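Take a look at this single chain in structure tokens; it is the form deposited in one PDB entry.
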């Protein structure tokens, strides 16, 4: 939780209306340091002291994380009004819209690199005993160099069956969600289960339906999705094994067909 003087921040265009409030693209220029682009999150106008505390508690959590695939907190504005959370700027935005706007424009190995980065950030979060519960391509952000970073600090079709049926949220239910993300990425942002209703998805999953390989998806990558979607949460790979499998695919690209 580093305190940033608001005079070091210039707020430019709006780039989103999140749930707590608005997000802006801005510039951060600390004395003696090179200027960087940042995302500035604001709380909706008229926020209560309780909403303020809730907001700054989110910041406190983000500040604990220091990983290349986790959104970096630059600092907070709390001495002046309104409060703000300042994070690193991700030029390409949310991963799902980024893929939908660039359909077919990335190679398989670029896509696997993106998935590897996400798995590495998720490994770090799980190692620190945090369960995301909301892992989806819409909650991953992408910088100018295609590095993907986990953000967003019940979406039924992203959620593990035990998490829906028994509210048991663990890193193993995040792994289920990660398998759905893999499918979104390899499909360039298709909707999981398409137009199936939430209950249709639940019923299908209970009858051992699983999503098919996206077009031109390597068989080995779709198999790793299916491993993530094992009914028994203990049979799923942990994020450490996912990273190692994706590394081995990257290091052995013949594995990709």
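Positions refer to the first chain, counted from 1. What we label the rigid core is the largest C-alpha set whose atoms superpose within 1.5 Å from one form to the other.
There is also a form deposited in another entry; it is not shown, and the following applies to it.
> Which of the listed residues (58, 206, 200, 227) moves its Cα by 2 Å or more between the shown form and the other one when the core is kept in place?
The only residue crossing the 2 Å threshold is 58.
> Taking the rigid core as reference, does residue 10 move its C-alpha 2 Å or further between the shown form and the other one?
Yes, the C-alpha moves 2 Å or more.
> Superposing on the rigid core, is the CA of residue 78 displaced by 2 Å or more between the shown form and the other one?
It does shift by 2 Å or more.
> Answer yes if the CA of residue 28 moves 2 Å or more between the shown form and the other one after aligning the rigid core, and no otherwise.
Yes, residue 28 moves 2 Å or more.
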